[PDB]
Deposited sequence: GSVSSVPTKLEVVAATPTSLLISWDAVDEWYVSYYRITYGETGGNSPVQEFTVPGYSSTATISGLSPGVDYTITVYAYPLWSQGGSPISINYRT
């Protein structure tokens, strides 16, 4: 059996003091119906189509976590970052 981390990277590419442009890599040949982005103060949630590799978060005065669905055959925990 094999197990893959989806996504593999999570990067804050651009930022305003209230917005945040987040980005992640996409595993080729890996099906992702959608992504769930959770953000909070080191929570709030939203979802985003599997086609996308970028997202924007507004309404901020921070931990960001990316889940990929379906959930099986994954490393065991999602990718996360602090900003």
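Asker: Which runs of the deposited chain sequence never show up in the coordinates?
Answerer: Sequence ranges with no C-alpha atoms are 43 to 47, 67 to 70, 93 to 94.
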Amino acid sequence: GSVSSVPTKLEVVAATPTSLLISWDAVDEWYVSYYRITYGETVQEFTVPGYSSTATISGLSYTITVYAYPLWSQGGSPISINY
From here on, numbers count along this sequence of modelled residues.
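Asker: Which wins on mean Cα temperature factor, 9 to 17 or 64 to 72?
Answerer: The deposited B-factors put 9 to 17 ahead on the C-alpha mean.
Asker: Determine, for stretches 43 to 51 and 27 to 35, which one has the higher mean CA B-factor as deposited.
Answerer: Mean B over CA atoms: larger for 43 to 51.
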